[PDB]
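Have a look at coords03.pdb below; it lists PDB, C-alpha atoms.
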```pdb
ATOM      1  CA  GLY A   1       0.000   0.000   0.000  1.00  0.00           C
ATOM      2  CA  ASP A   2       0.743   3.708  -0.390  1.00  0.00           C
ATOM      3  CA  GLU A   3       3.890   4.316   1.741  1.00  0.00           C
ATOM      4  CA  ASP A   4       2.138   1.793   4.051  1.00  0.00           C
ATOM      5  CA  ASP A   5       4.854  -0.844   4.232  1.00  0.00           C
ATOM      6  CA  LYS A   6       7.817   1.185   5.462  1.00  0.00           C
ATOM      7  CA  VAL A   7       9.514   2.601   8.555  1.00  0.00           C
ATOM      8  CA  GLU A   8       7.012   5.420   9.047  1.00  0.00           C
ATOM      9  CA  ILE A   9       7.504   7.661  12.093  1.00  0.00           C
ATOM     10  CA  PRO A  10       3.705   8.169  12.779  1.00  0.00           C
ATOM     11  CA  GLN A  11       2.988   4.457  12.235  1.00  0.00           C
ATOM     12  CA  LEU A  12       4.609   3.838  15.678  1.00  0.00           C
ATOM     13  CA  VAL A  13       1.882   5.550  17.831  1.00  0.00           C
ATOM     14  CA  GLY A  14      -0.686   2.738  17.398  1.00  0.00           C
ATOM     15  CA  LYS A  15      -1.285  -0.151  19.795  1.00  0.00           C
ATOM     16  CA  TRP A  16       1.118  -3.093  19.757  1.00  0.00           C
ATOM     17  CA  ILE A  17       0.618  -6.355  21.706  1.00  0.00           C
ATOM     18  CA  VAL A  18       3.938  -8.116  22.559  1.00  0.00           C
ATOM     19  CA  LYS A  19       1.936 -11.365  22.406  1.00  0.00           C
ATOM     20  CA  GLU A  20       3.780 -12.982  19.464  1.00  0.00           C
ATOM     21  CA  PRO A  21       5.675 -14.984  20.528  1.00  0.00           C
ATOM     22  CA  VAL A  22       4.176 -15.109  24.066  1.00  0.00           C
ATOM     23  CA  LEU A  23       5.900 -16.075  27.327  1.00  0.00           C
ATOM     24  CA  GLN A  24       4.919 -18.494  30.102  1.00  0.00           C
ATOM     25  CA  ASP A  25       3.548 -17.283  33.497  1.00  0.00           C
ATOM     26  CA  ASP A  26       0.720 -15.976  31.233  1.00  0.00           C
ATOM     27  CA  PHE A  27       2.814 -12.809  30.740  1.00  0.00           C
ATOM     28  CA  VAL A  28       1.025 -10.492  28.332  1.00  0.00           C
ATOM     29  CA  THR A  29       1.716  -6.860  27.422  1.00  0.00           C
ATOM     30  CA  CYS A  30       0.648  -4.057  25.095  1.00  0.00           C
ATOM     31  CA  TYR A  31       2.917  -1.104  24.336  1.00  0.00           C
ATOM     32  CA  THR A  32       1.047   2.077  23.358  1.00  0.00           C
ATOM     33  CA  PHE A  33       3.476   4.852  22.381  1.00  0.00           C
ATOM     34  CA  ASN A  34       2.351   8.472  21.806  1.00  0.00           C
ATOM     35  CA  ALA A  35       3.035  10.488  18.661  1.00  0.00           C
ATOM     36  CA  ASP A  36       5.796  12.606  20.284  1.00  0.00           C
ATOM     37  CA  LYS A  37       5.308  12.589  24.110  1.00  0.00           C
ATOM     38  CA  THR A  38       5.118   9.443  26.247  1.00  0.00           C
ATOM     39  CA  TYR A  39       4.645   5.650  26.264  1.00  0.00           C
ATOM     40  CA  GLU A  40       2.628   3.034  28.207  1.00  0.00           C
ATOM     41  CA  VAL A  41       3.503  -0.609  28.934  1.00  0.00           C
ATOM     42  CA  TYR A  42       2.372  -3.286  31.402  1.00  0.00           C
ATOM     43  CA  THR A  43       4.054  -6.611  32.283  1.00  0.00           C
ATOM     44  CA  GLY A  44       3.153  -9.066  35.038  1.00  0.00           C
ATOM     45  CA  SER A  45      -0.511  -9.734  35.592  1.00  0.00           C
ATOM     46  CA  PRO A  46      -0.349 -12.827  37.848  1.00  0.00           C
ATOM     47  CA  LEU A  47      -3.863 -11.837  39.167  1.00  0.00           C
ATOM     48  CA  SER A  48      -4.995  -8.478  37.630  1.00  0.00           C
ATOM     49  CA  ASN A  49      -3.890  -5.620  35.358  1.00  0.00           C
ATOM     50  CA  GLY A  50      -4.778  -2.083  36.533  1.00  0.00           C
ATOM     51  CA  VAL A  51      -1.468  -0.376  37.439  1.00  0.00           C
ATOM     52  CA  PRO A  52       0.127   0.493  34.051  1.00  0.00           C
ATOM     53  CA  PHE A  53       3.628   1.829  33.579  1.00  0.00           C
ATOM     54  CA  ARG A  54       4.148   5.082  31.669  1.00  0.00           C
ATOM     55  CA  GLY A  55       7.332   7.022  30.830  1.00  0.00           C
ATOM     56  CA  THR A  56       9.091   9.030  28.117  1.00  0.00           C
ATOM     57  CA  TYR A  57      10.895   7.778  24.976  1.00  0.00           C
ATOM     58  CA  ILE A  58      13.867   8.784  22.821  1.00  0.00           C
ATOM     59  CA  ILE A  59      14.665   7.816  19.183  1.00  0.00           C
ATOM     60  CA  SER A  60      17.453   8.747  16.821  1.00  0.00           C
ATOM     61  CA  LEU A  61      18.056   7.897  13.174  1.00  0.00           C
ATOM     62  CA  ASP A  62      21.868   7.594  13.596  1.00  0.00           C
ATOM     63  CA  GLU A  63      21.918   3.783  13.805  1.00  0.00           C
ATOM     64  CA  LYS A  64      18.071   3.492  14.057  1.00  0.00           C
ATOM     65  CA  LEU A  65      18.125   3.043  17.854  1.00  0.00           C
ATOM     66  CA  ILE A  66      15.319   3.626  20.389  1.00  0.00           C
ATOM     67  CA  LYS A  67      15.598   3.823  24.233  1.00  0.00           C
ATOM     68  CA  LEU A  68      12.680   4.203  26.686  1.00  0.00           C
ATOM     69  CA  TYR A  69      13.068   6.047  30.033  1.00  0.00           C
ATOM     70  CA  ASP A  70      11.166   5.757  33.327  1.00  0.00           C
ATOM     71  CA  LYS A  71       9.464   8.466  35.382  1.00  0.00           C
ATOM     72  CA  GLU A  72      12.935   8.399  37.038  1.00  0.00           C
ATOM     73  CA  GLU A  73      14.612   9.023  33.626  1.00  0.00           C
ATOM     74  CA  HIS A  74      17.415   6.444  34.196  1.00  0.00           C
ATOM     75  CA  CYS A  75      16.641   4.388  31.047  1.00  0.00           C
ATOM     76  CA  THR A  76      15.140   0.870  31.260  1.00  0.00           C
ATOM     77  CA  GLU A  77      15.075  -0.743  27.792  1.00  0.00           C
ATOM     78  CA  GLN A  78      16.982  -0.204  24.530  1.00  0.00           C
ATOM     79  CA  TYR A  79      16.327  -2.029  21.217  1.00  0.00           C
ATOM     80  CA  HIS A  80      17.105  -1.869  17.494  1.00  0.00           C
ATOM     81  CA  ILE A  81      14.496  -0.817  14.980  1.00  0.00           C
ATOM     82  CA  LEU A  82      14.637  -3.463  12.233  1.00  0.00           C
ATOM     83  CA  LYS A  83      11.376  -2.485  10.482  1.00  0.00           C
ATOM     84  CA  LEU A  84       7.923  -0.946  11.027  1.00  0.00           C
ATOM     85  CA  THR A  85       4.871  -1.455   8.846  1.00  0.00           C
ATOM     86  CA  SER A  86       1.110  -0.963   9.194  1.00  0.00           C
ATOM     87  CA  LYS A  87       1.012  -4.200  11.320  1.00  0.00           C
ATOM     88  CA  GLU A  88       4.646  -5.406  11.858  1.00  0.00           C
ATOM     89  CA  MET A  89       7.316  -4.042  14.268  1.00  0.00           C
ATOM     90  CA  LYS A  90      10.588  -5.848  14.916  1.00  0.00           C
ATOM     91  CA  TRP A  91      12.364  -4.700  18.108  1.00  0.00           C
ATOM     92  CA  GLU A  92      15.638  -6.617  17.981  1.00  0.00           C
ATOM     93  CA  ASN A  93      17.149  -7.001  21.511  1.00  0.00           C
ATOM     94  CA  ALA A  94      20.382  -5.319  20.275  1.00  0.00           C
ATOM     95  CA  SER A  95      21.929  -5.209  23.801  1.00  0.00           C
ATOM     96  CA  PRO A  96      22.224  -8.889  24.912  1.00  0.00           C
ATOM     97  CA  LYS A  97      23.956  -7.472  28.058  1.00  0.00           C
ATOM     98  CA  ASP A  98      21.145  -5.235  29.384  1.00  0.00           C
ATOM     99  CA  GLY A  99      18.415  -7.922  28.983  1.00  0.00           C
ATOM    100  CA  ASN A 100      16.242  -6.596  26.083  1.00  0.00           C
ATOM    101  CA  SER A 101      13.641  -8.860  24.319  1.00  0.00           C
ATOM    102  CA  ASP A 102      13.540  -9.884  20.641  1.00  0.00           C
ATOM    103  CA  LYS A 103       9.894 -10.778  19.798  1.00  0.00           C
ATOM    104  CA  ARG A 104       7.667  -9.670  16.849  1.00  0.00           C
ATOM    105  CA  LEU A 105       5.063  -6.959  17.655  1.00  0.00           C
ATOM    106  CA  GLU A 106       2.167  -7.598  15.201  1.00  0.00           C
ATOM    107  CA  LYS A 107      -0.205  -4.779  16.219  1.00  0.00           C
ATOM    108  CA  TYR A 108      -2.881  -5.211  18.925  1.00  0.00           C
ATOM    109  CA  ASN A 109      -5.052  -8.076  17.632  1.00  0.00           C
ATOM    110  CA  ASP A 110      -8.057  -7.104  19.789  1.00  0.00           C
TER     111      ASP A 110
END
```
Give the structure from this file in structure tokens form.
Amino acid sequence: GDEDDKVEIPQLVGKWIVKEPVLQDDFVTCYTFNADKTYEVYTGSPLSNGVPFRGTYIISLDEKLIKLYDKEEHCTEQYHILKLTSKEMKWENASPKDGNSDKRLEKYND
């Protein structure tokens, strides 16, 4: 489709469920970035989900790198941008030292 299978900037700010592949312990998460402000995530839910996380984000084009920051601004995750499409996002771990997670975000399949 019309510019609709490429690394668009605004195509990030949709919903994205991490749930492909999915972990054990019934761990399930959706990232929801904002257009140019903030992010939300949630991981855990052993019994309920009602206390989200939210923080700020940073991108740069230099080596197509993206690093999210807490409400204590001390970073928390860093991963490589392989590709973005309408319904595909590939966050390569990139830093096998820090503990980042290489899955395949395939939108939020509500």
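Among the candidates A:64, A:17, A:79, A:8, the one nearest to residue 99 (chain A) when counting all atoms listed in the file is A:79.
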Exercise for the section: Name every residue that the PyMOL selection byres ((chain A and resi 107) around 6) selects in this structure, writing the answer as a PyMOL selection string with chains first and numbers rising. Expected result: chain A and resi 15-17+87+105-106+108
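The spacing separating CA of residue 38 (chain A) from CA of residue 56 (chain A) amounts to 4.4 Å.
Distance check against residue 4 (chain A) using only C-alpha atoms: of A:80, A:59, A:33, A:86, the minimum falls on A:86.
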Exercise for the section: For residue 48 (chain A), list every protein, DNA or RNA residue within 12 Å, evaluated using all atoms listed in the file, and leave out those in the same chain fewer than 5 positions away; present the list as a PyMOL selection string. Expected result: chain A and resi 26-28+42-43
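Here CA of residue 73 (chain A) stands at a distance of 13.8 Å from CA of residue 37 (chain A).
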Practice task
Would you translate the PyMOL selection byres ((chain A and resi 9) around 12) into the concrete set of residues it matches in this file, as a VMD selection string?
Solution key: chain A and resid 3 to 8 10 to 14 33 to 36 59 to 61 64 81 83 to 86 89
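Distance annotation: of A:41, A:18, A:23, A:30, the residue with the minimal separation from residue 69 (chain A) is A:41; atom set is only C-alpha atoms.
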Handout entry: Result set, the PyMOL selection byres ((chain A and resi 72) around 12) on current file, as number ranges by chain
Key = A: 53-56, 68-71, 73-76
